[PDB]
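The sequence shown runs 37 to 74, 88 to 268, 279 to 363, 383 to 477, 484 to 495 under the entry's author numbering.
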Amino acid sequence: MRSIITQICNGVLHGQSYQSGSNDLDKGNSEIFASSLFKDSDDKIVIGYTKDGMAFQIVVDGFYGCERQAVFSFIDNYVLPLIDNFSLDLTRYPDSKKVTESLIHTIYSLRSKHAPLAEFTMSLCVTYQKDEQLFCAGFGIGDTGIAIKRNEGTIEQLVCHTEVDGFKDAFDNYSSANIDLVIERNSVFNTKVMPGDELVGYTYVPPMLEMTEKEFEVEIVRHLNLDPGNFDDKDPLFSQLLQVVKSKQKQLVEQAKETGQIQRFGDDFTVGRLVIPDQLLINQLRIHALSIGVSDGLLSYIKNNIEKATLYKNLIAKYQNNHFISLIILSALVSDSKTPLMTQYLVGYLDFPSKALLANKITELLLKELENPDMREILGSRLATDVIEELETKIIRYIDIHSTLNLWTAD
């Protein structure tokens with residue numbers, strides 16, 4: 037009962053490339069890229098934010114272009130609702146290793162009884178905030194990989210490309226009995242993160258750019284990172300990454316001319332970029348989590383006192399891009415004692431035990447938006463404590485506030 041994701045790359049790409057959507061909701065921080073590296090895409094990358102506003106990125110590369118769709122419908126229907134339970138257990142339980150294996154276990158048990166035909170390699174990272182500082186923790190099994198760039202010009206390597214002596218440990222039925230072995234040889238992590246750190250996820254690279262980090266044995280495995288020596292500290296990682304692969308691609312195809320006729324190599328190249336958000340962006344993300352979830356519920360119940387909410391849906395659909403007004407509109411709906419069913423139904427749709435606990439949640443996120451430097455510019459020496467109550471009175475006029489409201493969206 038929610039919509040969280042922001043940008044996705046599904047089983048599709050345009051001619052030779054597919055870039056992005058640059059979702060406003062991420063304020064220019066959600067970008068991905070996809071290309072073919074030999088005609089169709091098999092990989093899938095997902096970047097989004099929790100209902101509590103925590104950042105995450107999922108990277109998938111499939112095996113067979115024949116199934117290629119239940120792999121995706123597996124992620125969209127069952128894996129996505131698991132992210133909230135991941136970041137929460139990361140916040141509640143300190144032990145990063147325990148829940149991650151259970152998550153993989155829950156993934157394996159779920160992938161068996163719902164779509165065991167799916168064989169892919171997946172990697173993911175999710176952010177969580179237990180203390181004042183931000184933490185991110187995830188794993189990755191297969192030919193995939195995640196990298197990070199910090200605030201100092203360091204390309205630190207998160208989840209690595211695991212190679213089992215020339216075997217790609219993956220989410221296949223074949224490994225579904227050697228599960229516990231897959232974890233000890235694959236990469237799981239939990240690392241401290243600061244705002245502005247650049248999270249980069251990738252699927253395939255020509256091996257000329259990969260450098261071997263770790264080799265060991267179990268009763279041989281290669282844990283290998285992305286070589287940072289050919290990268291700079293001034294430019295972002297994602298934009299710099301494509302500057303070299305195309306530069307090496309033309310160098311690789313030129314190598315492919317001197318061999319009679321066509322040679323064969325290359326995989327689906329899909330790359331995702333994520334930037335860790337600030338404490339301000341989280342709140343207005345936490346704001347957007349409610350605005351999306353509140354609308355759709357009572358629209359099918361009544362479909363089988384509605385005239386307001388249909389106009390309310392359009393009203394939020396007009397001012398959802400500004401996170402401040404989108405908040406205060408909600409405060410009026412709960413205060414309307416003449417719309418109790420429309421008020422009381424939402425918490426049931428949202429699983430809230432008490433309406434009042436929600437009403438506290440409104441004000442807490444409301445007042446912190448005053449710490450956003452944009453509202454101090456718009457709200458100056460105006461005893462805001464009363465104005466919200468005034469604004470609460472303003473919205474109850476159901477029957484031309486937009487110009488009066490346009491005072492607060494003047495950016």
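Built from N, CA and C at the ideal position, the CB exists for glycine as well.
Hey, would you say residue i sits closer than 7 angstroms to residue j, going by beta carbons?
{"i": "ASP286", "j": "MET260", "result": "yes"}
{"i": "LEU333", "j": "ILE96", "result": "yes"}
{"i": "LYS100", "j": "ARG38", "result": "yes"}
{"i": "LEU139", "j": "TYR98", "result": "no"}
{"i": "residue 483", "j": "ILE335", "result": "The model of the chain omits the segment between 477 and 484, and residue 483 is among the residues lacking coordinates."}
{"i": "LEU444", "j": "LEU405", "result": "yes"}
{"i": "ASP326", "j": "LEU73", "result": "yes"}
{"i": "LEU283", "j": "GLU262", "result": "yes"}
{"i": "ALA70", "j": "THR329", "result": "yes"}
{"i": "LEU152", "j": "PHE135", "result": "yes"}
{"i": "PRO244", "j": "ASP337", "result": "yes"}
{"i": "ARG117", "j": "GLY47", "result": "yes"}
{"i": "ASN239", "j": "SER122", "result": "no"}
{"i": "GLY111", "j": "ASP133", "result": "no"}
Leaving out five residues before and five after residue i in sequence, what residues of the same chain have Cβ atoms less than 7 angstroms from its Cβ?
{"i": "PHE402", "result": "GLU447, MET453 and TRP492"}
{"i": "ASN399", "result": "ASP60"}
{"i": "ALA410", "result": "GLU470, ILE473 and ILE474"}
{"i": "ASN200", "result": "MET243, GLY245 and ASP246"}
For residue i, I'd like the list of residues in its chain whose CB is within less than 8 angstroms of its CB, leaving aside the five on either flank, ordered along the chain.
{"i": "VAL425", "result": "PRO431, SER432, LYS433 and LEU436"}
{"i": "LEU408", "result": "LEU349, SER350, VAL353 and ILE440"}
{"i": "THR388", "result": "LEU358"}
{"i": "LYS386", "result": "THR417, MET420 and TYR476"}
{"i": "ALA494", "result": "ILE456"}
With 16 as the cutoff for other CB atoms within 10 Å, does residue i come out buried or exposed?
{"i": "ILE197", "result": "buried"}
{"i": "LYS93", "result": "buried"}
{"i": "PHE265", "result": "exposed"}
{"i": "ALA315", "result": "exposed"}
{"i": "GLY102", "result": "buried"}
{"i": "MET171", "result": "buried"}
{"i": "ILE228", "result": "exposed"}
{"i": "residue 480", "result": "The model of the chain omits the segment between 477 and 484, and residue 480 is among the residues lacking coordinates."}
{"i": "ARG460", "result": "exposed"}
{"i": "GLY202", "result": "exposed"}
{"i": "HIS163", "result": "exposed"}
{"i": "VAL148", "result": "buried"}
{"i": "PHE216", "result": "exposed"}
{"i": "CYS185", "result": "buried"}
{"i": "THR318", "result": "exposed"}
{"i": "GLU455", "result": "exposed"}
{"i": "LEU49", "result": "buried"}
Write down the C-beta distance between residue i and residue j rounded to the nearest angstrom, noting that I regard them as a contact closer than 8 angstroms.
{"i": "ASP192", "j": "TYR253", "result": "6 angstroms"}
{"i": "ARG234", "j": "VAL280", "result": "5 angstroms"}
{"i": "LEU301", "j": "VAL267", "result": "Their Cβ separation, rounded to whole angstroms, is 36 angstroms, which puts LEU301 and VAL267 out of contact at 8 angstroms."}
{"i": "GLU442", "j": "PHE297", "result": "The Cβ separation is near 34 angstroms, so there is no contact."}
{"i": "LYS472", "j": "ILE466", "result": "With a Cβ gap of about 10 angstroms, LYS472 and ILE466 do not count as contacting."}
{"i": "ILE156", "j": "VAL175", "result": "Not confirmed; about 14 angstroms, so no contact."}
{"i": "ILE204", "j": "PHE290", "result": "6 angstroms"}
{"i": "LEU340", "j": "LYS63", "result": "7 angstroms"}
{"i": "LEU311", "j": "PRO256", "result": "Their Cβ separation, rounded to whole angstroms, is 11 angstroms, which puts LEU311 and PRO256 out of contact at 8 angstroms."}
{"i": "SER56", "j": "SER161", "result": "Incorrect: roughly 34 angstroms between the Cβ atoms, too far for contact."}
{"i": "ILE190", "j": "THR211", "result": "7 angstroms"}
Got a sec, what are the start and stop residues for the alpha helix (DSSP H) residue i sits in?
{"i": "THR170", "result": "Where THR170 is concerned, there is no enclosing alpha helix (DSSP H), although the beta strand (DSSP E) it sits in stretches over 169-177."}
{"i": "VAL120", "result": "119-123"}
{"i": "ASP138", "result": "130-141"}
{"i": "residue 479", "result": "Gap in the chain between 477 and 484; residue 479 lies inside it and carries no coordinates."}
{"i": "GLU468", "result": "462-473"}
{"i": "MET453", "result": "451-456"}
{"i": "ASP229", "result": "228-234"}
{"i": "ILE384", "result": "Run containing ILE384: none; DSSP gives neither H nor E here."}
{"i": "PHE297", "result": "296-314"}
{"i": "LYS162", "result": "145-163"}
{"i": "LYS439", "result": "433-446"}
{"i": "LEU491", "result": "Taken as a continuous stretch (DSSP letters only), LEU491 belongs to no alpha helix (DSSP H), as it is neither H nor E."}
{"i": "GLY194", "result": "Per DSSP, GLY194 belongs to no alpha helix (DSSP H); it is in the beta strand (DSSP E), 194-198."}
{"i": "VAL425", "result": "418-427"}
Can you give me the Cβ contacts of residue i inside the same chain, cut-off strictly under 6 angstroms, excluding the 5 residues immediately before and after it?
{"i": "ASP221", "result": "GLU168"}
{"i": "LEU173", "result": "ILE107 and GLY187"}
{"i": "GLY250", "result": "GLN106, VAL108, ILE195 and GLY331"}
{"i": "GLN343", "result": "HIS401"}
{"i": "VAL304", "result": "none"}
{"i": "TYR397", "result": "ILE403 and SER404"}
{"i": "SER53", "result": "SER71"}
I need the boundaries of the beta strand (DSSP E) containing residue i, first residue and last residue.
{"i": "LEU283", "result": "280-285"}
{"i": "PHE402", "result": "Taken as a continuous stretch (DSSP letters only), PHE402 belongs to no beta strand (DSSP E), being part of the alpha helix (DSSP H) at 401-413."}
{"i": "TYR98", "result": "92-98"}
{"i": "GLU262", "result": "259-265"}
{"i": "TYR251", "result": "247-251"}
{"i": "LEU333", "result": "327-334"}
{"i": "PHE105", "result": "104-111"}
{"i": "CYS45", "result": "41-45"}
Using beta carbons (cut-off 7 angstroms, strictly below), is residue i in contact with chain B?
{"i": "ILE190", "result": "Among the chains in the structure shown there is no chain B, since it carries only a single protein chain."}
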